[PDB]
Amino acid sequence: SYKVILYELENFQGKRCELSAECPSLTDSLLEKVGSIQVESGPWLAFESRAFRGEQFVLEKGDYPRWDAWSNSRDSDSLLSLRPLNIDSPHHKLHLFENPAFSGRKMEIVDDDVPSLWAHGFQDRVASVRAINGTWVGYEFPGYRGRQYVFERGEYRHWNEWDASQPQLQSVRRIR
């Protein structure tokens, strides 16, 4: 059901690695450093560091000829672990909160994407989140730009729970 092809070099050149399952460490046997990717069946969630840590990259089906094709930010060219991302959800519901522990101003998003949180009274601060239904991806900047943070069904009482160092988010969309 899932398949990703990772290449040692840019433009789908060099050593080729096909994966149909999660990989907690790409340097364990597979590649030295991922240069390009083809997602044949996904989506996949890729990570800058080993064991599904560090910066996140949602990889939909398609071609990524270089690291700047999957990184919407330019913080890191490292990709060391990745896994299939379960997106089997008919409805999407997300609650964003101004302050930690689901306190302060609240924004509810239902079966829609938000390219700018500013259009709904928020600033560039999201300090707790409730992903009621579906999988979502939040971004640092408007129009789905900068670093990505994935929200799967569950509660996030503080920005550290979604692996962010700061509560800055300016756009969010459903993974579908």
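The numbering used is simple: start at 1 and walk along the sequence shown.
A.B. asks: Highest mean C-alpha temperature factor of the two stretches 18 to 26 and 152 to 160, which is it?
C.D. replies: Between 18 to 26 and 152 to 160, it is 152 to 160 that shows the higher mean C-alpha B-factor.
A.B. asks: Decide which of the stretches 121 to 129 and 139 to 147 has the higher mean C-alpha B-factor, going by the entry.
C.D. replies: Looking at the recorded C-alpha B-factors, 121 to 129 comes out higher on average.
A.B. asks: Quick one: which of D112, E32, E55, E40 has the biggest Cα B-factor according to the entry?
C.D. replies: Answer for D112, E32, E55, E40: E32, with the highest C-alpha B-factor.
A.B. asks: For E60, return the chain-relative third of its C-alpha B-factor as stated in the PDB record: lowest, middle or highest.
C.D. replies: It belongs to the lowest third of the chain when residues are ordered by C-alpha B-factor.
A.B. asks: Compare the C-alpha B factor of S71 with those of the other modelled residues in its chain, then answer lowest, middle or highest third.
C.D. replies: Middle third, going by the recorded CA B-factors of the chain.
A.B. asks: Lowest, middle or highest third: where is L80 by Cα B-factor in its chain?
C.D. replies: For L80, whose C-alpha B-factor we compare with every modelled residue in the chain, the answer is the lowest third.
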